[PDB]
Every structure is written in C-alpha cells, then in structure tokens.
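*Asks:* Input file: entry-v1.pdb. Contents: PDB, C-alpha atoms.
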ATOM      1  CA  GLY O   1      -3.088  13.845 -81.122
ATOM      2  CA  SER O   2      -1.761  11.643 -78.329
ATOM      3  CA  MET O   3      -0.376   8.132 -78.789
ATOM      4  CA  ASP O   4      -3.241   5.639 -78.977
ATOM      5  CA  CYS O   5      -3.306   4.651 -82.652
ATOM      6  CA  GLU O   6      -2.440   0.946 -82.681
ATOM      7  CA  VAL O   7       1.130   1.744 -81.638
ATOM      8  CA  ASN O   8       1.118   0.784 -77.960
ATOM      9  CA  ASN O   9       4.813   0.566 -77.091
ATOM     10  CA  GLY O  10       6.940   2.836 -74.925
ATOM     11  CA  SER O  11       8.087   1.477 -71.572
ATOM     12  CA  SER O  12       7.200  -0.881 -68.724
ATOM     13  CA  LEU O  13       8.471  -0.734 -65.142
ATOM     14  CA  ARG O  14       8.956  -4.424 -64.350
ATOM     15  CA  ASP O  15      12.141  -4.766 -62.299
ATOM     16  CA  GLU O  16      10.934  -6.213 -58.995
ATOM     17  CA  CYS O  17      14.309  -7.964 -58.781
ATOM     18  CA  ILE O  18      15.217  -4.902 -56.738
ATOM     19  CA  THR O  19      12.360  -5.039 -54.236
ATOM     20  CA  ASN O  20      13.242  -8.608 -53.276
ATOM     21  CA  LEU O  21      16.912  -7.638 -53.234
ATOM     22  CA  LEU O  22      16.311  -4.861 -50.741
ATOM     23  CA  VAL O  23      14.520  -7.071 -48.209
ATOM     24  CA  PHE O  24      17.342  -9.609 -48.614
ATOM     25  CA  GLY O  25      20.050  -7.157 -47.696
ATOM     26  CA  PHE O  26      17.692  -5.455 -45.272
ATOM     27  CA  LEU O  27      16.905  -8.704 -43.490
ATOM     28  CA  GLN O  28      20.501  -9.784 -44.122
ATOM     29  CA  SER O  29      22.150  -7.239 -41.822
ATOM     30  CA  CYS O  30      19.044  -7.256 -39.633
ATOM     31  CA  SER O  31      20.889  -9.828 -37.516
ATOM     32  CA  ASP O  32      24.233 -10.073 -39.303
ATOM     33  CA  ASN O  33      25.852 -13.492 -39.713
ATOM     34  CA  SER O  34      24.988 -16.476 -37.522
ATOM     35  CA  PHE O  35      21.916 -16.959 -39.713
ATOM     36  CA  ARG O  36      23.053 -16.804 -43.328
ATOM     37  CA  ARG O  37      22.275 -20.308 -44.567
ATOM     38  CA  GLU O  38      18.753 -19.324 -43.611
ATOM     39  CA  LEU O  39      18.519 -16.373 -45.995
ATOM     40  CA  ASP O  40      20.320 -18.427 -48.637
ATOM     41  CA  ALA O  41      17.356 -20.797 -48.498
ATOM     42  CA  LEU O  42      14.933 -17.875 -48.687
ATOM     43  CA  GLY O  43      16.023 -16.780 -52.145
ATOM     44  CA  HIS O  44      15.795 -20.456 -53.069
ATOM     45  CA  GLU O  45      12.051 -19.888 -53.476
ATOM     46  CA  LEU O  46      11.861 -16.122 -53.834
ATOM     47  CA  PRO O  47      12.290 -15.826 -57.637
ATOM     48  CA  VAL O  48      10.644 -13.376 -60.032
ATOM     49  CA  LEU O  49       8.441 -14.240 -63.010
ATOM     50  CA  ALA O  50       9.794 -11.333 -65.050
ATOM     51  CA  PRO O  51       9.113 -10.884 -68.797
ATOM     52  CA  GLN O  52      11.338 -13.929 -69.313
ATOM     53  CA  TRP O  53      14.292 -15.963 -68.047
ATOM     54  CA  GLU O  54      16.535 -17.253 -70.839
ATOM     55  CA  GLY O  55      14.488 -18.380 -73.825
ATOM     56  CA  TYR O  56      17.160 -17.097 -76.200
ATOM     57  CA  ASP O  57      19.560 -20.048 -76.090
ATOM     58  CA  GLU O  58      19.609 -23.351 -74.205
ATOM     59  CA  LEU O  59      23.351 -23.700 -73.632
ATOM     60  CA  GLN O  60      25.405 -22.093 -70.866
ATOM     61  CA  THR O  61      26.273 -18.434 -70.282
ATOM     62  CA  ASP O  62      30.049 -18.686 -69.952
ATOM     63  CA  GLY O  63      30.290 -17.145 -66.497
ATOM     64  CA  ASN O  64      33.410 -15.997 -64.664
ATOM     65  CA  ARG O  65      34.541 -19.622 -64.470
ATOM     66  CA  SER O  66      37.009 -20.864 -61.857
ATOM     67  CA  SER O  67      37.259 -19.777 -58.223
ATOM     68  CA  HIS O  68      36.496 -16.211 -57.143
ATOM     69  CA  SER O  69      39.370 -14.042 -55.919
ATOM     70  CA  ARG O  70      37.428 -11.193 -54.314
ATOM     71  CA  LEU O  71      39.138 -10.918 -50.928
ATOM     72  CA  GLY O  72      36.262  -8.611 -50.055
ATOM     73  CA  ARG O  73      37.846  -6.051 -52.361
ATOM     74  CA  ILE O  74      35.061  -6.361 -54.911
ATOM     75  CA  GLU O  75      32.181  -5.251 -52.700
ATOM     76  CA  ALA O  76      33.563  -1.715 -52.729
ATOM     77  CA  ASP O  77      33.101  -1.217 -56.467
ATOM     78  CA  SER O  78      29.571   0.167 -56.276
ATOM     79  CA  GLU O  79      29.363  -0.020 -60.072
ATOM     80  CA  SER O  80      26.528  -2.398 -60.967
ATOM     81  CA  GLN O  81      23.109  -1.171 -59.848
ATOM     82  CA  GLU O  82      22.668  -4.559 -58.183
ATOM     83  CA  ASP O  83      25.918  -3.983 -56.322
ATOM     84  CA  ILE O  84      24.723  -0.550 -55.221
ATOM     85  CA  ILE O  85      21.223  -1.401 -54.012
ATOM     86  CA  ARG O  86      22.884  -4.287 -52.168
ATOM     87  CA  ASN O  87      25.601  -2.336 -50.355
ATOM     88  CA  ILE O  88      23.060   0.422 -49.757
ATOM     89  CA  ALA O  89      20.622  -1.884 -47.968
ATOM     90  CA  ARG O  90      23.218  -3.627 -45.797
ATOM     91  CA  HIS O  91      24.484  -0.158 -44.894
ATOM     92  CA  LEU O  92      21.358   1.710 -43.805
ATOM     93  CA  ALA O  93      20.134  -1.618 -42.449
ATOM     94  CA  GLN O  94      23.349  -1.828 -40.441
ATOM     95  CA  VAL O  95      22.798   1.462 -38.630
ATOM     96  CA  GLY O  96      19.202   0.522 -37.900
ATOM     97  CA  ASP O  97      20.406  -2.729 -36.358
ATOM     98  CA  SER O  98      22.913  -1.123 -33.993
ATOM     99  CA  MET O  99      20.148   1.205 -32.811
ATOM    100  CA  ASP O 100      17.768  -1.760 -32.675
ATOM    101  CA  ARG O 101      19.954  -3.898 -30.409
ATOM    102  CA  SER O 102      18.232  -1.923 -27.654
ATOM    103  CA  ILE O 103      14.711  -3.032 -28.560
ATOM    104  CA  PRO O 104      12.163  -0.782 -26.776
ATOM    105  CA  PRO O 105       9.694  -2.008 -24.109
ATOM    106  CA  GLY O 106       8.843  -5.437 -25.480
ATOM    107  CA  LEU O 107       8.119  -4.415 -29.064
ATOM    108  CA  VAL O 108       9.760  -6.734 -31.590
ATOM    109  CA  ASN O 109       8.199  -9.627 -29.729
ATOM    110  CA  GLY O 110       4.650  -8.603 -30.589
ATOM    111  CA  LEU O 111       5.636  -7.836 -34.155
ATOM    112  CA  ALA O 112       7.026 -11.354 -34.165
ATOM    113  CA  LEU O 113       3.765 -12.459 -32.574
ATOM    114  CA  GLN O 114       1.769 -10.624 -35.226
ATOM    115  CA  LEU O 115       3.953 -11.747 -38.122
ATOM    116  CA  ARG O 116       4.456 -15.304 -36.864
ATOM    117  CA  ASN O 117       0.730 -16.077 -37.233
ATOM    118  CA  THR O 118       1.643 -19.540 -38.541
ATOM    119  CA  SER O 119       0.806 -19.674 -42.272
ATOM    120  CA  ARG O 120      -1.628 -16.791 -41.816
ATOM    121  CA  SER O 121       1.360 -14.437 -41.780
ATOM    122  CA  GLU O 122       1.251 -13.376 -45.432
ATOM    123  CA  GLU O 123      -2.383 -12.537 -44.684
ATOM    124  CA  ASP O 124      -2.481 -12.124 -40.917
ATOM    125  CA  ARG O 125       0.672 -10.071 -41.335
ATOM    126  CA  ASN O 126      -0.556  -8.005 -44.241
ATOM    127  CA  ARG O 127      -3.713  -7.024 -42.385
ATOM    128  CA  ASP O 128      -1.525  -6.815 -39.288
ATOM    129  CA  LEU O 129       0.956  -4.166 -40.386
ATOM    130  CA  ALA O 130      -1.520  -2.486 -42.704
ATOM    131  CA  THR O 131      -3.842  -2.213 -39.705
ATOM    132  CA  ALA O 132      -1.090  -1.466 -37.195
ATOM    133  CA  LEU O 133       0.140   1.135 -39.652
ATOM    134  CA  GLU O 134      -3.021   3.105 -40.325
ATOM    135  CA  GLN O 135      -3.448   2.746 -36.570
ATOM    136  CA  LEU O 136      -0.349   4.648 -35.477
ATOM    137  CA  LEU O 137      -0.757   6.841 -38.553
ATOM    138  CA  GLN O 138      -4.372   7.474 -37.584
ATOM    139  CA  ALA O 139      -2.905   9.957 -35.102
ATOM    140  CA  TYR O 140      -0.121  11.183 -37.340
ATOM    141  CA  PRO O 141      -1.386  13.776 -39.873
ATOM    142  CA  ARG O 142      -0.856  12.597 -43.448
ATOM    143  CA  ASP O 143      -2.162  14.838 -46.231
ATOM    144  CA  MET O 144       1.097  14.409 -48.141
ATOM    145  CA  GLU O 145       1.943  10.701 -48.280
ATOM    146  CA  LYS O 146       1.952   7.733 -45.911
ATOM    147  CA  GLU O 147       4.488   5.733 -47.922
ATOM    148  CA  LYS O 148       7.515   7.017 -46.002
ATOM    149  CA  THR O 149       6.202   7.107 -42.426
ATOM    150  CA  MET O 150       3.925   4.159 -43.204
ATOM    151  CA  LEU O 151       6.667   1.994 -44.689
ATOM    152  CA  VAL O 152       9.529   3.276 -42.536
ATOM    153  CA  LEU O 153       7.498   2.036 -39.583
ATOM    154  CA  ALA O 154       5.698  -1.089 -40.775
ATOM    155  CA  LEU O 155       8.822  -2.061 -42.728
ATOM    156  CA  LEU O 156      11.010  -1.642 -39.649
ATOM    157  CA  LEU O 157       8.436  -3.621 -37.679
ATOM    158  CA  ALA O 158       8.947  -6.713 -39.821
ATOM    159  CA  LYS O 159      12.726  -6.623 -40.194
ATOM    160  CA  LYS O 160      12.561  -6.039 -36.444
ATOM    161  CA  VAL O 161      10.966  -9.329 -35.386
ATOM    162  CA  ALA O 162      13.467 -11.054 -37.671
ATOM    163  CA  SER O 163      16.111  -9.877 -35.205
ATOM    164  CA  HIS O 164      14.269 -11.253 -32.183
ATOM    165  CA  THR O 165      12.875 -14.184 -34.165
ATOM    166  CA  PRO O 166      15.212 -15.275 -37.008
ATOM    167  CA  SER O 167      12.766 -18.060 -37.870
ATOM    168  CA  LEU O 168      10.372 -15.693 -39.631
ATOM    169  CA  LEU O 169      12.836 -14.294 -42.175
ATOM    170  CA  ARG O 170      10.903 -15.290 -45.288
ATOM    171  CA  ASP O 171       7.749 -14.010 -43.599
ATOM    172  CA  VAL O 172       9.564 -10.754 -42.833
ATOM    173  CA  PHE O 173      11.143 -10.502 -46.276
ATOM    174  CA  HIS O 174       7.720 -10.301 -47.897
ATOM    175  CA  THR O 175       6.401  -8.190 -45.022
ATOM    176  CA  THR O 176       8.345  -5.195 -46.349
ATOM    177  CA  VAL O 177       8.215  -6.231 -50.018
ATOM    178  CA  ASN O 178       4.533  -7.244 -50.058
ATOM    179  CA  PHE O 179       2.516  -4.591 -48.222
ATOM    180  CA  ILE O 180       4.341  -2.253 -50.611
ATOM    181  CA  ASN O 181       3.982  -4.121 -53.898
ATOM    182  CA  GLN O 182       0.267  -3.821 -53.166
ATOM    183  CA  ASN O 183       0.407  -0.099 -53.956
ATOM    184  CA  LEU O 184       3.505   1.472 -52.380
ATOM    185  CA  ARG O 185       5.646  -0.659 -54.707
ATOM    186  CA  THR O 186       7.438   2.363 -56.150
ATOM    187  CA  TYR O 187       8.348   3.099 -52.521
ATOM    188  CA  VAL O 188      10.640   0.113 -51.969
ATOM    189  CA  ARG O 189      12.739   1.388 -54.865
ATOM    190  CA  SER O 190      13.378   4.160 -52.386
ATOM    191  CA  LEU O 191      14.101   1.754 -49.526
ATOM    192  CA  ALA O 192      17.306   1.253 -51.478
ATOM    193  CA  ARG O 193      17.680   4.791 -52.807
ATOM    194  CA  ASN O 194      17.976   5.912 -49.184
ATOM    195  CA  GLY O 195      18.979   2.541 -47.777
ATOM    196  CA  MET O 196      16.415   2.815 -44.994
ATOM    197  CA  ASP O 197      13.969   5.668 -45.580
TER     198      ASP O 197
END
Re-express the file's structure as structure tokens.

*Replies:*
Amino acid sequence: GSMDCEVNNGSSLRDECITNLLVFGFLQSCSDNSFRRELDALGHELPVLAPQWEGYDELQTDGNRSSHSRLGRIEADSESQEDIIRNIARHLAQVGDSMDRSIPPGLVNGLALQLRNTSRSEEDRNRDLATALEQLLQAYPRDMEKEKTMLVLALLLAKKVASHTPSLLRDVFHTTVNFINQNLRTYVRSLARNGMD
C-alpha cells in the first residue's frame, strides 16, 4: 500500500515567482508612480533560483519583436495568471493606499524605523515584525490561524513604511515575502488571491 516503492514522483510546489510578484505590485501601488525606476531596480536583483532557467537551448526565444502597441488596452485581459496576480495586487493595494494616505498617529514612521535598521533589516526586520506581530496578536485570540491577521498586519506594516520611506522598497518587498516564506509561504499565494487579505 501507499506510494513509497522507489517511485518518488508526483508534484512539487515551487512557483515563488508569484510571491515576489505580489510584493512588487503591492509595493508598486503602495506609492504609485514617482518612484518606479526604483522598483525596476529592485527586480534587477530579486530573481528566483527555480528548478531551472533555460538550459534547453542557447539561442533566443523569438519574443514579440518590434515595439509594443498596448495603449493600456492589454492590462485588462486578465488571462495569464501572471497578468491576474499582477492586476489583483495593484488593485487591492490601491484601495489600501487611499485609506493609508491618512497614516494614523505616527505609525508608518516607526515601521520605517524598525525596517530601516540599516543592513540589519532582513534580520532586524524579520525579528521586528515577527515580534511586533506576535505582540499585537498576543492579545488577539488565535486558535484558528495567525496567517491572515498576522500577515495582513505585519505585511501592511512593511508596505506602509515604503509609502512614508520609499528608500526601503527592497527591504519592504522581502518584509512581506520573507516572514511568510519562512512558514506562511502558502499565505502570500493568498495575498494575490484576495489582493490584500
């Protein structure tokens, strides 16, 4: 019985390309334009190992070729998963921004002060949100799952600072994509599924 006789092949969930995507879009609308080139540089070092890249051939891939006549009439196709998760993030992330414009009593700042943490961020941040999370959650009954409330918050925290401090993007990007990948990974997939929550 069972399937453990030499044959060890079935499936493997290895599509992080989405997690990173989310944060992009998320942090993309976080402050709208006037800070694009910045994000463009982010993805310039935010790749994904993945099972492979393009070992098949060594030539080109014959892309679209020539200019790109989109006229913004191609972003409303919501056909390719990538196109969906993208439009979904910028959307939910859009609403959150409008409601964020009115940052509460000096909040983002601190988050930016906690995230900032020079190069400690990745670490200082991780233990920052993770600690700040369980902290606020420490009063909020769990039992079910912290993912949602935990991420919804912590996640928002990061993307938040980004708004106040657009010089921590990268740091923020991972903020929502890291703390999760640690264990709540499967959650981010939701970040897109719902756009925000």

*Asks:* List the residues matched by the PyMOL selection byres ((chain O and resi 173-177) around 8) in the displayed structure as a PyMOL selection string, ordered by chain and then by residue number.

*Replies:* chain O and resi 19-20+23-24+27+122+125-126+151+154-155+158-159+169-172+178-181+185+188

*Asks:* What's the 10 Å shell around residue 75 (chain O), counting only C-alpha atoms, without same-chain residues fewer than 3 positions away, as a PyMOL selection string?

*Replies:* chain O and resi 70-72+78-79+83-84+86-87

*Asks:* What is the distance between CA of residue 187 (chain O) and CA of residue 26 (chain O), in Å to one decimal?

*Replies:*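 It comes out at 14.6 Å.
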
*Asks:* Could you tell me how far CA of residue 14 (chain O) lies from CA of residue 186 (chain O), in Å and to one decimal?

*Replies:*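 Atom-to-atom, CA of residue 14 (chain O) to CA of residue 186 (chain O), that is 10.8 Å.
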
*Asks:* Going by the chain IDs and residue numbers used in this file, which residues fall under the PyMOL selection byres ((chain O and resi 97-99) around 9)? Write them as a ChimeraX atom specification.

*Replies:* /O:29-32,92-96,100-103,160,163

*Asks:* For the PyMOL selection byres ((chain O and resi 38) around 12), applied here, can you spell out every residue it catches as a list in words?

*Replies:*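 So the PyMOL selection byres ((chain O and resi 38) around 12) ends up selecting residues 24, 27, 28, 31, 32, 33, 34, 35, 36, 37, 39, 40, 41, 42, 43, 44, 45, 162, 166, 167, 168, 169, 170 and 173 of chain O.
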
*Asks:* Which residue gives the smallest distance to residue 164 (chain O) among O:66, O:52, O:109, O:61, with all atoms listed in the file counted?

*Replies:*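 Among the listed residues, O:109 lies closest to residue 164 (chain O).
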
*Asks:* Quick one: pull the distance between CA of residue 17 (chain O) and CA of residue 189 (chain O), Å, one decimal.

*Replies:*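 Here the two named atoms are 10.3 Å from each other.
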
*Asks:* Starting from the sparse input, extend region 150-185 of chain O to N, CA and C atoms and give the output as a PDB file, in the frame of the given file.

*Replies:*
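Listed below is the output, selection.pdb:
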ATOM      1  N   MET O 150       4.625   5.438 -43.215  1.00  0.00           N
ATOM      2  CA  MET O 150       3.925   4.159 -43.204  1.00  0.00           C
ATOM      3  C   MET O 150       4.898   3.000 -43.364  1.00  0.00           C
ATOM      4  N   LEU O 151       5.696   3.046 -44.422  1.00  0.00           N
ATOM      5  CA  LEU O 151       6.667   1.994 -44.689  1.00  0.00           C
ATOM      6  C   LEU O 151       7.789   2.008 -43.659  1.00  0.00           C
ATOM      7  N   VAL O 152       8.446   3.155 -43.504  1.00  0.00           N
ATOM      8  CA  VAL O 152       9.529   3.276 -42.536  1.00  0.00           C
ATOM      9  C   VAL O 152       9.189   2.500 -41.272  1.00  0.00           C
ATOM     10  N   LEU O 153       7.975   2.713 -40.778  1.00  0.00           N
ATOM     11  CA  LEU O 153       7.498   2.036 -39.583  1.00  0.00           C
ATOM     12  C   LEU O 153       7.249   0.561 -39.867  1.00  0.00           C
ATOM     13  N   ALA O 154       6.085   0.277 -40.442  1.00  0.00           N
ATOM     14  CA  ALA O 154       5.698  -1.089 -40.775  1.00  0.00           C
ATOM     15  C   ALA O 154       6.898  -1.907 -41.248  1.00  0.00           C
ATOM     16  N   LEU O 155       7.648  -1.368 -42.207  1.00  0.00           N
ATOM     17  CA  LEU O 155       8.822  -2.061 -42.728  1.00  0.00           C
ATOM     18  C   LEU O 155       9.771  -2.423 -41.588  1.00  0.00           C
ATOM     19  N   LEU O 156      10.121  -1.426 -40.782  1.00  0.00           N
ATOM     20  CA  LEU O 156      11.010  -1.642 -39.649  1.00  0.00           C
ATOM     21  C   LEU O 156      10.434  -2.702 -38.718  1.00  0.00           C
ATOM     22  N   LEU O 157       9.117  -2.665 -38.532  1.00  0.00           N
ATOM     23  CA  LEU O 157       8.436  -3.621 -37.679  1.00  0.00           C
ATOM     24  C   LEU O 157       8.825  -5.045 -38.056  1.00  0.00           C
ATOM     25  N   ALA O 158       8.608  -5.390 -39.318  1.00  0.00           N
ATOM     26  CA  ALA O 158       8.947  -6.713 -39.821  1.00  0.00           C
ATOM     27  C   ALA O 158      10.415  -7.020 -39.563  1.00  0.00           C
ATOM     28  N   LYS O 159      11.295  -6.411 -40.355  1.00  0.00           N
ATOM     29  CA  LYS O 159      12.726  -6.623 -40.194  1.00  0.00           C
ATOM     30  C   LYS O 159      13.081  -6.732 -38.716  1.00  0.00           C
ATOM     31  N   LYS O 160      12.330  -6.019 -37.882  1.00  0.00           N
ATOM     32  CA  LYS O 160      12.561  -6.039 -36.444  1.00  0.00           C
ATOM     33  C   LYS O 160      12.424  -7.454 -35.893  1.00  0.00           C
ATOM     34  N   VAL O 161      11.201  -7.983 -35.898  1.00  0.00           N
ATOM     35  CA  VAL O 161      10.966  -9.329 -35.386  1.00  0.00           C
ATOM     36  C   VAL O 161      12.100 -10.249 -35.832  1.00  0.00           C
ATOM     37  N   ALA O 162      12.399 -10.228 -37.127  1.00  0.00           N
ATOM     38  CA  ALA O 162      13.467 -11.054 -37.671  1.00  0.00           C
ATOM     39  C   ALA O 162      14.647 -11.111 -36.709  1.00  0.00           C
ATOM     40  N   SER O 163      15.005  -9.958 -36.151  1.00  0.00           N
ATOM     41  CA  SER O 163      16.111  -9.877 -35.205  1.00  0.00           C
ATOM     42  C   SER O 163      15.826 -10.735 -33.979  1.00  0.00           C
ATOM     43  N   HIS O 164      14.673 -10.501 -33.362  1.00  0.00           N
ATOM     44  CA  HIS O 164      14.269 -11.253 -32.183  1.00  0.00           C
ATOM     45  C   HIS O 164      13.947 -12.696 -32.559  1.00  0.00           C
ATOM     46  N   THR O 165      13.244 -12.861 -33.673  1.00  0.00           N
ATOM     47  CA  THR O 165      12.875 -14.184 -34.165  1.00  0.00           C
ATOM     48  C   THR O 165      13.400 -14.393 -35.583  1.00  0.00           C
ATOM     49  N   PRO O 166      14.583 -15.014 -35.709  1.00  0.00           N
ATOM     50  CA  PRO O 166      15.212 -15.275 -37.008  1.00  0.00           C
ATOM     51  C   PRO O 166      14.587 -16.455 -37.746  1.00  0.00           C
ATOM     52  N   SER O 167      13.451 -16.934 -37.249  1.00  0.00           N
ATOM     53  CA  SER O 167      12.766 -18.060 -37.870  1.00  0.00           C
ATOM     54  C   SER O 167      11.570 -17.586 -38.690  1.00  0.00           C
ATOM     55  N   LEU O 168      11.466 -16.274 -38.873  1.00  0.00           N
ATOM     56  CA  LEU O 168      10.372 -15.693 -39.631  1.00  0.00           C
ATOM     57  C   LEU O 168      10.894 -14.904 -40.828  1.00  0.00           C
ATOM     58  N   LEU O 169      12.201 -14.997 -41.066  1.00  0.00           N
ATOM     59  CA  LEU O 169      12.836 -14.294 -42.175  1.00  0.00           C
ATOM     60  C   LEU O 169      11.896 -14.176 -43.367  1.00  0.00           C
ATOM     61  N   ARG O 170      11.770 -15.265 -44.117  1.00  0.00           N
ATOM     62  CA  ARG O 170      10.903 -15.290 -45.288  1.00  0.00           C
ATOM     63  C   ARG O 170       9.649 -14.454 -45.050  1.00  0.00           C
ATOM     64  N   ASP O 171       8.960 -14.736 -43.949  1.00  0.00           N
ATOM     65  CA  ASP O 171       7.749 -14.010 -43.599  1.00  0.00           C
ATOM     66  C   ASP O 171       8.025 -12.511 -43.522  1.00  0.00           C
ATOM     67  N   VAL O 172       9.175 -12.154 -42.957  1.00  0.00           N
ATOM     68  CA  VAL O 172       9.564 -10.754 -42.833  1.00  0.00           C
ATOM     69  C   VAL O 172       9.919 -10.176 -44.199  1.00  0.00           C
ATOM     70  N   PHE O 173      10.729 -10.920 -44.948  1.00  0.00           N
ATOM     71  CA  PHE O 173      11.143 -10.502 -46.276  1.00  0.00           C
ATOM     72  C   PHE O 173       9.959  -9.923 -47.040  1.00  0.00           C
ATOM     73  N   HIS O 174       8.917 -10.732 -47.193  1.00  0.00           N
ATOM     74  CA  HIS O 174       7.720 -10.301 -47.897  1.00  0.00           C
ATOM     75  C   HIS O 174       7.044  -9.154 -47.154  1.00  0.00           C
ATOM     76  N   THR O 175       7.031  -9.227 -45.831  1.00  0.00           N
ATOM     77  CA  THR O 175       6.401  -8.190 -45.022  1.00  0.00           C
ATOM     78  C   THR O 175       6.691  -6.792 -45.568  1.00  0.00           C
ATOM     79  N   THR O 176       7.959  -6.506 -45.845  1.00  0.00           N
ATOM     80  CA  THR O 176       8.345  -5.195 -46.349  1.00  0.00           C
ATOM     81  C   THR O 176       8.212  -5.098 -47.869  1.00  0.00           C
ATOM     82  N   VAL O 177       8.309  -6.230 -48.561  1.00  0.00           N
ATOM     83  CA  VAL O 177       8.215  -6.231 -50.018  1.00  0.00           C
ATOM     84  C   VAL O 177       6.789  -6.462 -50.526  1.00  0.00           C
ATOM     85  N   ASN O 178       5.915  -6.978 -49.669  1.00  0.00           N
ATOM     86  CA  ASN O 178       4.533  -7.244 -50.058  1.00  0.00           C
ATOM     87  C   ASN O 178       3.647  -6.025 -49.832  1.00  0.00           C
ATOM     88  N   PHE O 179       3.360  -5.730 -48.568  1.00  0.00           N
ATOM     89  CA  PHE O 179       2.516  -4.591 -48.222  1.00  0.00           C
ATOM     90  C   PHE O 179       2.760  -3.424 -49.177  1.00  0.00           C
ATOM     91  N   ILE O 180       3.985  -3.321 -49.687  1.00  0.00           N
ATOM     92  CA  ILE O 180       4.341  -2.253 -50.611  1.00  0.00           C
ATOM     93  C   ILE O 180       3.881  -2.569 -52.029  1.00  0.00           C
ATOM     94  N   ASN O 181       4.342  -3.699 -52.554  1.00  0.00           N
ATOM     95  CA  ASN O 181       3.982  -4.121 -53.898  1.00  0.00           C
ATOM     96  C   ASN O 181       2.489  -3.940 -54.144  1.00  0.00           C
ATOM     97  N   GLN O 182       1.712  -3.982 -53.068  1.00  0.00           N
ATOM     98  CA  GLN O 182       0.267  -3.821 -53.166  1.00  0.00           C
ATOM     99  C   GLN O 182      -0.089  -2.477 -53.794  1.00  0.00           C
ATOM    100  N   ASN O 183       0.654  -1.435 -53.427  1.00  0.00           N
ATOM    101  CA  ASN O 183       0.407  -0.099 -53.956  1.00  0.00           C
ATOM    102  C   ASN O 183       1.628   0.804 -53.789  1.00  0.00           C
ATOM    103  N   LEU O 184       2.324   0.659 -52.664  1.00  0.00           N
ATOM    104  CA  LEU O 184       3.505   1.472 -52.380  1.00  0.00           C
ATOM    105  C   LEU O 184       4.751   0.916 -53.069  1.00  0.00           C
ATOM    106  N   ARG O 185       4.547  -0.039 -53.969  1.00  0.00           N
ATOM    107  CA  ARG O 185       5.646  -0.659 -54.707  1.00  0.00           C
ATOM    108  C   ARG O 185       6.767   0.337 -54.973  1.00  0.00           C
TER     109      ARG O 185
END
